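This is upload05.txt. It holds compact mmCIF, C-alpha atoms and all ligand atoms.
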```
# COMPACT_ATOMS: atom_id res chain seq x y z
CA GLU A 4 -19.99 60.94 221.93
CA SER A 5 -21.06 57.27 221.80
CA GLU A 6 -24.13 57.63 224.05
CA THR A 7 -25.63 59.80 221.31
CA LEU A 8 -25.29 57.10 218.63
CA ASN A 9 -28.46 54.95 218.38
CA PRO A 10 -29.91 56.20 221.70
CA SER A 11 -33.02 53.99 221.41
CA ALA A 12 -30.80 50.94 220.98
CA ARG A 13 -33.00 49.84 218.09
CA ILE A 14 -32.03 47.13 215.57
CA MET A 15 -30.41 48.73 212.51
CA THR A 16 -30.24 47.47 208.93
CA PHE A 17 -27.35 48.05 206.55
CA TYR A 18 -27.04 47.87 202.77
CA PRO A 19 -23.35 47.94 201.89
CA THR A 20 -22.07 48.38 198.36
CA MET A 21 -19.65 45.85 196.93
CA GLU A 22 -16.59 47.92 197.84
CA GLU A 23 -17.80 48.28 201.42
CA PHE A 24 -18.67 44.57 201.51
CA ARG A 25 -15.22 43.37 200.46
CA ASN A 26 -13.70 43.76 203.94
CA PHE A 27 -15.51 42.11 206.83
CA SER A 28 -13.74 43.39 209.92
CA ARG A 29 -13.84 46.97 208.70
CA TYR A 30 -17.54 46.87 207.99
CA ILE A 31 -18.18 45.58 211.53
CA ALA A 32 -16.20 48.50 212.92
CA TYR A 33 -18.25 50.77 210.61
CA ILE A 34 -21.67 49.58 211.82
CA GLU A 35 -20.38 49.92 215.41
CA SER A 36 -19.38 53.53 214.64
CA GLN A 37 -23.08 53.96 213.83
CA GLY A 38 -24.17 52.49 217.18
CA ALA A 39 -25.53 49.19 215.79
CA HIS A 40 -24.00 47.24 218.71
CA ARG A 41 -26.27 49.04 221.21
CA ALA A 42 -29.20 46.99 219.92
CA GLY A 43 -27.24 43.75 220.45
CA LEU A 44 -28.32 42.55 217.01
CA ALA A 45 -28.00 43.96 213.46
CA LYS A 46 -29.09 43.02 209.95
CA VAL A 47 -26.80 43.34 206.96
CA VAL A 48 -28.30 42.91 203.51
CA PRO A 49 -25.57 41.96 201.02
CA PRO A 50 -25.64 43.43 197.46
CA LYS A 51 -27.74 41.71 194.72
CA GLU A 52 -24.40 41.11 192.96
CA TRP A 53 -23.53 38.51 195.58
CA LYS A 54 -24.02 34.81 196.31
CA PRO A 55 -22.05 32.22 198.37
CA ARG A 56 -23.23 29.28 196.28
CA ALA A 57 -24.38 28.85 192.68
CA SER A 58 -27.06 26.28 193.55
CA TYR A 59 -28.46 24.46 196.60
CA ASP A 60 -30.15 21.85 194.38
CA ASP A 61 -27.43 19.30 195.19
CA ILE A 62 -27.58 18.99 198.99
CA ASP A 63 -30.40 16.51 199.71
CA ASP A 64 -28.12 13.64 200.67
CA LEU A 65 -26.23 15.66 203.29
CA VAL A 66 -26.51 13.95 206.66
CA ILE A 67 -27.95 15.52 209.82
CA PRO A 68 -26.15 13.26 212.30
CA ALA A 69 -28.13 14.27 215.39
CA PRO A 70 -31.57 15.80 214.87
CA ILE A 71 -33.30 17.30 217.90
CA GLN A 72 -36.98 17.10 218.80
CA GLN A 73 -37.93 20.22 220.75
CA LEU A 74 -40.36 19.54 223.58
CA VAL A 75 -41.58 22.75 225.21
CA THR A 76 -43.24 22.86 228.60
CA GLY A 77 -44.76 25.79 230.46
CA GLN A 78 -47.52 28.39 230.31
CA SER A 79 -48.31 32.10 229.88
CA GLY A 80 -45.08 33.38 228.39
CA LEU A 81 -42.66 31.23 230.41
CA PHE A 82 -41.31 27.99 228.98
CA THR A 83 -38.60 25.38 229.38
CA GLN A 84 -37.49 23.52 226.27
CA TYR A 85 -36.30 19.93 226.50
CA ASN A 86 -34.32 18.12 223.80
CA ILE A 87 -35.12 14.66 222.48
CA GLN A 88 -32.33 13.31 220.29
CA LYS A 89 -33.59 11.42 217.25
CA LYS A 90 -31.70 9.13 214.85
CA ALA A 91 -29.63 10.52 211.96
CA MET A 92 -31.43 11.94 208.96
CA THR A 93 -30.78 13.42 205.52
CA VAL A 94 -31.79 16.83 204.28
CA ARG A 95 -34.31 15.27 201.87
CA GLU A 96 -35.91 13.30 204.72
CA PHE A 97 -35.89 16.45 206.82
CA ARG A 98 -37.53 18.46 204.01
CA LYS A 99 -40.33 15.92 203.56
CA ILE A 100 -41.14 15.94 207.30
CA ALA A 101 -40.96 19.76 207.54
CA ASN A 102 -43.26 20.18 204.54
CA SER A 103 -45.67 17.41 205.58
CA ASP A 104 -49.12 18.53 206.68
CA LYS A 105 -48.43 17.65 210.30
CA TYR A 106 -45.43 19.94 210.64
CA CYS A 107 -45.86 22.66 208.03
CA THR A 108 -46.34 26.42 208.34
CA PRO A 109 -49.90 27.54 209.07
CA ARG A 110 -51.54 30.13 206.78
CA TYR A 111 -51.07 33.79 207.69
CA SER A 112 -51.13 37.38 206.45
CA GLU A 113 -48.97 39.61 208.67
CA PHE A 114 -45.91 38.50 210.65
CA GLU A 115 -47.78 39.49 213.81
CA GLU A 116 -50.23 36.70 212.96
CA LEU A 117 -47.52 34.04 212.81
CA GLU A 118 -45.99 35.46 216.02
CA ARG A 119 -49.27 34.90 217.89
CA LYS A 120 -49.63 31.34 216.54
CA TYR A 121 -46.09 30.52 217.61
CA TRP A 122 -46.54 31.70 221.22
CA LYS A 123 -49.88 29.88 221.48
CA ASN A 124 -48.86 26.55 219.87
CA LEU A 125 -45.26 26.36 221.12
CA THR A 126 -45.88 23.39 223.45
CA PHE A 127 -47.92 21.28 220.96
CA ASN A 128 -46.74 18.95 218.19
CA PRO A 129 -42.98 19.08 218.93
CA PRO A 130 -40.96 19.87 215.77
CA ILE A 131 -37.54 18.59 214.77
CA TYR A 132 -34.50 20.90 214.48
CA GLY A 133 -31.47 19.98 212.42
CA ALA A 134 -29.10 22.06 214.51
CA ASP A 135 -25.32 22.07 215.06
CA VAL A 136 -24.38 20.32 211.85
CA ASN A 137 -20.68 20.68 211.07
CA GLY A 138 -20.10 22.19 207.65
CA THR A 139 -20.37 25.12 205.28
CA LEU A 140 -22.37 25.75 202.11
CA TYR A 141 -19.98 28.42 200.76
CA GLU A 142 -18.14 27.73 197.51
CA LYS A 143 -14.40 27.58 198.30
CA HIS A 144 -13.71 30.59 196.03
CA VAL A 145 -15.90 33.20 197.78
CA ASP A 146 -13.70 35.66 199.69
CA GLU A 147 -16.36 38.06 200.98
CA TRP A 148 -17.96 37.39 204.36
CA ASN A 149 -17.00 33.72 204.30
CA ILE A 150 -18.31 32.24 207.55
CA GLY A 151 -15.61 29.53 207.46
CA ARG A 152 -12.73 32.07 207.46
CA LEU A 153 -13.57 35.63 208.55
CA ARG A 154 -10.00 36.37 209.64
CA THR A 155 -10.84 38.16 212.89
CA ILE A 156 -8.69 38.03 216.02
CA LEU A 157 -10.73 35.00 217.17
CA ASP A 158 -8.19 33.15 214.98
CA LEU A 159 -5.69 33.64 217.80
CA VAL A 160 -7.24 30.67 219.60
CA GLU A 161 -6.45 28.15 216.90
CA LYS A 162 -3.23 29.94 215.88
CA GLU A 163 -1.60 29.67 219.29
CA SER A 164 -3.20 26.52 220.70
CA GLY A 165 -4.37 24.44 217.74
CA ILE A 166 -7.77 24.10 219.44
CA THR A 167 -10.87 24.05 217.25
CA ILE A 168 -14.18 24.61 219.03
CA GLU A 169 -17.03 23.35 216.84
CA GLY A 170 -19.49 26.10 215.87
CA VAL A 171 -17.34 28.72 217.56
CA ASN A 172 -14.29 28.88 215.26
CA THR A 173 -15.81 26.49 212.72
CA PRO A 174 -19.22 26.81 210.94
CA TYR A 175 -22.53 25.20 211.94
CA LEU A 176 -25.50 24.62 209.70
CA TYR A 177 -29.02 24.73 211.08
CA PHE A 178 -31.97 23.15 209.28
CA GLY A 179 -35.18 24.59 210.65
CA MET A 180 -38.85 23.81 210.30
CA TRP A 181 -41.94 25.66 211.57
CA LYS A 182 -41.87 26.43 215.31
CA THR A 183 -38.27 25.32 215.88
CA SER A 184 -36.75 27.71 218.42
CA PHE A 185 -33.57 29.02 219.89
CA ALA A 186 -33.88 29.99 223.56
CA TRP A 187 -32.57 33.21 225.22
CA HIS A 188 -28.76 33.23 225.29
CA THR A 189 -25.62 35.27 224.67
CA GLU A 190 -22.79 33.65 222.72
CA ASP A 191 -20.07 31.47 224.27
CA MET A 192 -17.55 33.70 226.11
CA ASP A 193 -19.93 36.54 225.09
CA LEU A 194 -18.46 36.59 221.56
CA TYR A 195 -20.03 38.08 218.47
CA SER A 196 -22.14 35.86 216.23
CA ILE A 197 -22.85 35.98 212.46
CA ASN A 198 -25.81 34.08 210.90
CA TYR A 199 -26.50 33.65 207.16
CA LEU A 200 -29.83 32.34 205.97
CA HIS A 201 -29.00 30.37 202.82
CA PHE A 202 -32.54 29.50 201.74
CA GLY A 203 -36.15 28.95 202.72
CA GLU A 204 -38.68 30.49 205.04
CA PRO A 205 -37.81 33.43 207.31
CA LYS A 206 -36.28 33.38 210.78
CA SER A 207 -37.55 35.84 213.38
CA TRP A 208 -35.34 37.24 216.15
CA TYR A 209 -35.84 38.95 219.50
CA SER A 210 -33.03 40.90 221.15
CA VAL A 211 -32.27 42.77 224.37
CA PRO A 212 -29.68 45.64 224.35
CA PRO A 213 -26.43 44.65 226.11
CA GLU A 214 -26.86 47.63 228.44
CA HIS A 215 -30.09 46.00 229.77
CA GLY A 216 -28.81 42.42 229.74
CA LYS A 217 -28.62 42.24 233.54
CA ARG A 218 -32.30 43.14 233.83
CA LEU A 219 -33.19 40.08 231.74
CA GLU A 220 -31.02 37.87 233.97
CA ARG A 221 -32.56 39.35 237.13
CA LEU A 222 -36.00 38.50 235.74
CA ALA A 223 -34.91 34.98 234.78
CA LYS A 224 -33.32 34.27 238.17
CA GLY A 225 -36.61 35.34 239.76
CA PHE A 226 -38.73 32.98 237.65
CA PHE A 227 -36.35 30.03 237.94
CA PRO A 228 -34.90 30.21 241.47
CA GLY A 229 -34.05 26.49 241.46
CA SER A 230 -32.03 26.76 238.23
CA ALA A 231 -30.37 29.94 239.45
CA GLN A 232 -29.05 28.27 242.58
CA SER A 233 -27.81 25.19 240.64
CA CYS A 234 -25.80 27.09 238.01
CA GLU A 235 -24.14 30.51 237.79
CA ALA A 236 -25.27 31.03 234.20
CA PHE A 237 -28.26 28.75 233.54
CA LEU A 238 -29.37 30.69 230.45
CA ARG A 239 -26.33 29.25 228.63
CA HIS A 240 -28.17 25.93 228.93
CA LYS A 241 -30.28 27.36 226.03
CA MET A 242 -33.54 25.97 227.48
CA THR A 243 -35.40 29.12 228.55
CA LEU A 244 -38.07 30.78 226.43
CA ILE A 245 -39.75 34.04 227.44
CA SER A 246 -42.47 35.67 225.32
CA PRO A 247 -42.34 39.36 224.32
CA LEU A 248 -45.52 40.07 226.34
CA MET A 249 -43.70 38.78 229.41
CA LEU A 250 -40.75 41.07 228.69
CA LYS A 251 -43.13 44.01 228.20
CA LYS A 252 -44.98 43.24 231.42
CA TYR A 253 -41.69 43.54 233.33
CA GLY A 254 -40.20 46.45 231.43
CA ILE A 255 -37.27 44.75 229.66
CA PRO A 256 -36.55 46.72 226.48
CA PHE A 257 -36.29 44.55 223.41
CA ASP A 258 -36.57 44.75 219.68
CA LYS A 259 -37.55 42.21 217.01
CA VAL A 260 -36.59 41.66 213.43
CA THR A 261 -37.27 39.12 210.72
CA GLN A 262 -34.39 37.66 208.72
CA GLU A 263 -35.22 36.54 205.19
CA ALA A 264 -33.26 34.22 202.91
CA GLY A 265 -30.03 35.80 201.64
CA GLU A 266 -29.56 38.06 204.68
CA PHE A 267 -26.97 38.17 207.49
CA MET A 268 -27.63 38.72 211.22
CA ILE A 269 -24.83 39.89 213.54
CA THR A 270 -25.09 39.60 217.31
CA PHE A 271 -22.86 41.64 219.58
CA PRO A 272 -21.14 40.82 222.86
CA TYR A 273 -23.53 40.24 225.78
CA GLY A 274 -26.52 40.69 223.49
CA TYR A 275 -29.29 38.32 224.54
CA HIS A 276 -31.26 36.96 221.59
CA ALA A 277 -33.96 34.38 220.88
CA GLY A 278 -36.32 33.43 218.04
CA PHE A 279 -37.98 30.81 215.88
CA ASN A 280 -38.06 29.65 212.25
CA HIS A 281 -41.11 30.21 209.98
CA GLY A 282 -40.73 26.99 208.00
CA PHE A 283 -38.18 24.80 206.23
CA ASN A 284 -34.91 26.73 205.87
CA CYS A 285 -31.18 26.53 206.35
CA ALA A 286 -28.78 28.83 208.15
CA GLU A 287 -25.06 28.95 208.68
CA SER A 288 -23.26 30.56 211.61
CA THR A 289 -20.09 30.88 213.66
CA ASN A 290 -18.62 33.19 216.32
CA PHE A 291 -16.04 35.96 215.84
CA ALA A 292 -14.35 38.73 217.82
CA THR A 293 -13.08 42.33 217.76
CA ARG A 294 -10.70 44.06 220.16
CA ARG A 295 -13.72 45.29 222.13
CA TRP A 296 -14.77 41.71 222.88
CA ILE A 297 -11.62 41.06 224.92
CA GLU A 298 -12.96 42.79 228.00
CA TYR A 299 -16.28 40.94 227.66
CA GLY A 300 -14.33 37.71 227.39
CA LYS A 301 -12.42 38.52 230.62
CA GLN A 302 -15.67 39.10 232.52
CA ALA A 303 -18.00 36.45 231.05
CA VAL A 304 -19.84 34.34 233.60
CA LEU A 305 -19.75 30.74 232.46
CA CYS A 306 -21.92 27.69 233.14
CA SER A 307 -20.69 26.11 236.38
CA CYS A 308 -22.67 22.85 236.42
CA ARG A 309 -21.47 21.06 233.24
CA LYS A 310 -17.88 20.09 232.36
CA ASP A 311 -18.64 20.03 228.62
CA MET A 312 -19.09 23.82 228.35
CA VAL A 313 -17.00 26.21 226.24
CA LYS A 314 -14.13 28.05 227.89
CA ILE A 315 -11.52 30.04 225.98
CA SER A 316 -8.27 31.03 227.74
CA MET A 317 -8.14 34.87 227.80
CA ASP A 318 -4.40 34.99 228.61
CA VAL A 319 -3.03 35.31 225.06
CA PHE A 320 -5.52 38.12 224.28
CA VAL A 321 -4.61 40.17 227.37
CA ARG A 322 -0.87 39.81 226.66
CA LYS A 323 -1.12 40.81 223.01
CA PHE A 324 -3.72 43.64 223.28
CA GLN A 325 -3.70 44.79 226.93
CA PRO A 326 -0.07 44.20 228.04
CA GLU A 327 -0.08 46.99 230.60
CA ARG A 328 -3.07 45.43 232.36
CA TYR A 329 -1.69 41.87 232.36
CA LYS A 330 -0.03 41.91 235.77
CA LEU A 331 -3.06 43.64 237.26
CA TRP A 332 -5.46 41.21 235.60
CA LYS A 333 -3.52 38.04 236.47
CA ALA A 334 -3.36 39.26 240.07
CA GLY A 335 -7.10 39.92 240.25
CA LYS A 336 -6.91 43.70 240.52
CA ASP A 337 -8.33 44.71 237.11
CA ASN A 338 -11.47 46.58 238.15
CA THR A 339 -12.37 47.80 234.65
CA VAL A 340 -16.06 48.52 234.13
CA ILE A 341 -17.55 47.89 230.67
CA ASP A 342 -19.30 50.69 228.70
CA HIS A 343 -21.66 48.91 226.30
CA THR A 344 -22.04 52.07 224.22
CA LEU A 345 -18.42 52.59 223.12
CA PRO A 346 -17.56 51.19 219.67
CA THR A 347 -14.59 48.86 219.15
CA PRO A 348 -11.20 50.66 218.69
CA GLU A 349 -11.05 49.69 214.97
CA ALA A 350 -13.85 52.23 214.41
CA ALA A 351 -11.44 55.15 214.91
CA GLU A 352 -11.06 55.76 211.16
CA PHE A 353 -14.83 56.40 210.91
CA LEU A 354 -15.06 58.80 213.88
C1 LIG B 401 -28.41 21.65 226.54
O1 LIG B 401 -28.63 22.66 225.55
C2 LIG B 401 -27.72 22.69 224.49
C3 LIG B 401 -26.43 22.19 224.71
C4 LIG B 401 -25.52 22.23 223.66
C5 LIG B 401 -25.89 22.75 222.42
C6 LIG B 401 -27.18 23.25 222.21
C7 LIG B 401 -27.56 23.76 220.85
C8 LIG B 401 -27.62 25.28 220.73
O2 LIG B 401 -28.61 25.92 221.06
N1 LIG B 401 -26.47 25.90 220.22
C9 LIG B 401 -26.36 27.32 220.03
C10 LIG B 401 -25.35 28.04 220.71
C11 LIG B 401 -25.20 29.38 220.48
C12 LIG B 401 -26.05 30.03 219.56
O3 LIG B 401 -25.77 31.30 219.28
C13 LIG B 401 -27.06 29.34 218.91
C14 LIG B 401 -28.01 30.06 218.08
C15 LIG B 401 -28.92 29.38 217.30
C16 LIG B 401 -29.66 30.12 216.38
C17 LIG B 401 -30.49 29.38 215.43
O4 LIG B 401 -31.18 28.31 215.89
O5 LIG B 401 -30.61 29.64 214.26
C18 LIG B 401 -29.56 31.52 216.33
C19 LIG B 401 -28.67 32.13 217.24
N2 LIG B 401 -27.91 31.42 218.08
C20 LIG B 401 -27.21 27.96 219.14
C21 LIG B 401 -28.11 23.22 223.26
MN MN B 402 -26.83 32.87 219.31
ZN ZN B 403 -24.89 25.25 233.91
```
Take the structure in the file and write it out as structure tokens.
Ligand SMILES: COc1cccc(CC(=O)Nc2ccc(O)c(-c3cc(C(=O)O)ccn3)c2)c1
Ligand SMILES: [Mn+2]
Ligand SMILES: [Zn+2]
Amino acid sequence: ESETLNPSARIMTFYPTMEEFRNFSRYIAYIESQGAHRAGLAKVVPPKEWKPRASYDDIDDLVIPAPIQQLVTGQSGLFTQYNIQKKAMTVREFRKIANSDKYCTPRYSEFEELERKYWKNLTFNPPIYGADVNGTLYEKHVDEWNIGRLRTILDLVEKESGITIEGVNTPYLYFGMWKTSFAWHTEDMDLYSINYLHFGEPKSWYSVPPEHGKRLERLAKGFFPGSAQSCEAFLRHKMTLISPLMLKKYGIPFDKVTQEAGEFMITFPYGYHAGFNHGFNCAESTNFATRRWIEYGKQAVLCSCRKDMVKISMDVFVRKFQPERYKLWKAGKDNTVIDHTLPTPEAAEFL
């Protein structure tokens, strides 16, 4: 029934109308009814009728409080990325640097060409990434797909505890330049992710199907035995880069997609993704949830070596949506196995 939907677990692209696009949670259930989640990542092109801001020509004095210089070390498809924190910076300053001859995009024809230059020049001339900036670039009046208030059940965290977790139930802005990267990771508590590329050069993405996630971890634990012994989930450190050739060489299935300005990317629970920016650009993102996430949340393996890391209490979710399992769960007897192929319950109206 569900194992027949998207059996190649390939990344799918959707073009909703305006009526379809009005309701966020339902559209997510819809693309899951089509098996999009099996790829771990999906692209949703919004209608030409739509825009979250009239103009971005007024944002150059916005502060990037904590820019990050990305220093990559390693060879032949395997890399560790170190962060060097630089002093605060404005968007206009960031733009100048990004566009300067030292840091700007090299010339290319096909995307494959830029892909090769990225994996060969990754460890040279470390770029600066304006990541994890608190804020949104949506006008306050836009009610469709507003990253600051998506109204999913993730709201239960704030609603019943008051806790805000920056970037997780609040938006982050990312200012990229050529060769800035995000390492292999799943989301905090294995939540969903949504990413909107407001403007600029493209952002390319790699993804591994959730049903093969463990194979990627097995491979990673084998290449970084030291890290694996020191932490139960070292990939959440967001430092590990692994080229597609390396994945191919060891038979991890993956897919890749390029996100262009004005497009959304959705990641799904336990979907490993990575990628890099093509040039100066600006993206907004946050996490969200569906009822299907709850079981992922109950089973997520967290970082065990840093106290700073993100942990959401699952208790309120299991009481409200799985009350008959609560005593079993709280007593450590909930042996439920996850089927990565089943769509979230909210998809019932489409099947
Ligand atoms: C010691 O290493 C770190 C510690 C704390 C925070 C970070 C920053 C980070 O990668 N944050 C983050 C956390 C979760 C994510 O989903 C993304 C992310 C980033 C992008 C992107 O760069 O556009 C795309 C997809 N995901 C980024 C690194
Ligand atoms: Mn992510
Ligand atoms: Zn750790």
Just give me the gap between atom CA of residue A:271 and atom CA of residue A:250 in Å, one decimal is fine. 20.1 Å
Contacts of residue A:270 within 7 Å, only C-alpha atoms, excl. fewer than 4 positions in-chain, as a list in words: residues 43, 44, 45, 195, 196, 197 and 274 of chain A
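Nearest to residue A:5 of all the residues A:335, A:18, A:38, A:85 is A:38, counting all atoms listed in the file.
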Chain A near ligand ZN 403 (chain B) within 7 Å: what's each residue's closest atom pair and its distance in Å to one decimal, counting all atoms listed in the file, ordered by chain then ascending residue number, as CSV?
```
residue,atom,partner,partner_atom,distance
A:234,CA,B:ZN403,ZN,4.6
A:235,CA,B:ZN403,ZN,6.6
A:236,CA,B:ZN403,ZN,5.8
A:237,CA,B:ZN403,ZN,4.9
A:239,CA,B:ZN403,ZN,6.8
A:240,CA,B:ZN403,ZN,6.0
A:306,CA,B:ZN403,ZN,3.9
A:307,CA,B:ZN403,ZN,4.9
A:308,CA,B:ZN403,ZN,4.1
A:309,CA,B:ZN403,ZN,5.4
```
Which residues of chain A come within 6 Å of ligand LIG 401 (chain B), and for each one, what is the closest pair of atoms and their distance in Å to one decimal, counting only C-alpha atoms and all ligand atoms, sorted by chain and residue number, as a tab-separated table?
```
residue	atom	partner	partner_atom	distance
A:185	CA	B:LIG401	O4	4.7
A:190	CA	B:LIG401	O3	5.1
A:240	CA	B:LIG401	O1	4.7
A:241	CA	B:LIG401	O1	5.0
```
